[PDB]
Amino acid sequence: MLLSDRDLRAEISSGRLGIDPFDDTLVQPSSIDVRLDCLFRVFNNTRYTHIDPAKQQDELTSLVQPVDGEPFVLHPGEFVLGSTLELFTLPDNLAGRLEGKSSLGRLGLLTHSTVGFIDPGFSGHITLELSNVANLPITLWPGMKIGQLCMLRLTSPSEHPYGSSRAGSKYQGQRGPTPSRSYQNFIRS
């Protein structure tokens, strides 16, 4: 069951779904448009020879921030991490889905990739995997709309929400473009 605009506003003003800062004009028929932050992470290490999801690789990424008023330039075939301006707090009976915007998709900007679910009980900023598949570089302007977020009802409240210790959650209360933490609790055969 998917929340409409009427029921989204109702969740926000009742304080059960948190969006901060919230702006009413961003509410769309079925979802809410979200905006790009001003910090990015680039993959510009020259020491590592490979990425091993089983190891923590500290210096794999660098923090970059466009000079104010200037854009960040995403080169063709480059991959960077970005963040949402807004902070999201979901209750334990709602699930989120993050999708890109059609306007940007049509330019060749892939805006997350492969990763849907925002878990019930999640609280923090959202990390965005930004990718360019066009043959020109794209200029990203901090504060621009970058994606959109819709809410699904769950059948019943989550027994062990995100951030609870039974779930073993890696990203509760995350801030910037946060690097991968897969080495934590890594399993294999």
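The first residue of the sequence shown is number 1, and the count goes up from there.
Taking only CA atoms, the mean B-factor in the PDB entry is higher for 24-32 than for the other of 129-137 and 24-32. Mean CA B-factor, 57-65 versus 146-154: the higher value falls on 57-65. For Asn44, the recorded CA temperature factor ranks within the middle third of the chain's modelled residues.
Ranked by Cα temperature factor within the chain, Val80 sits in the lowest third according to the deposited record. In the PDB entry, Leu90 places in the middle third of its chain by CA B-factor. Sorting the modelled residues of the chain by their CA temperature factor places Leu110 in the middle third.
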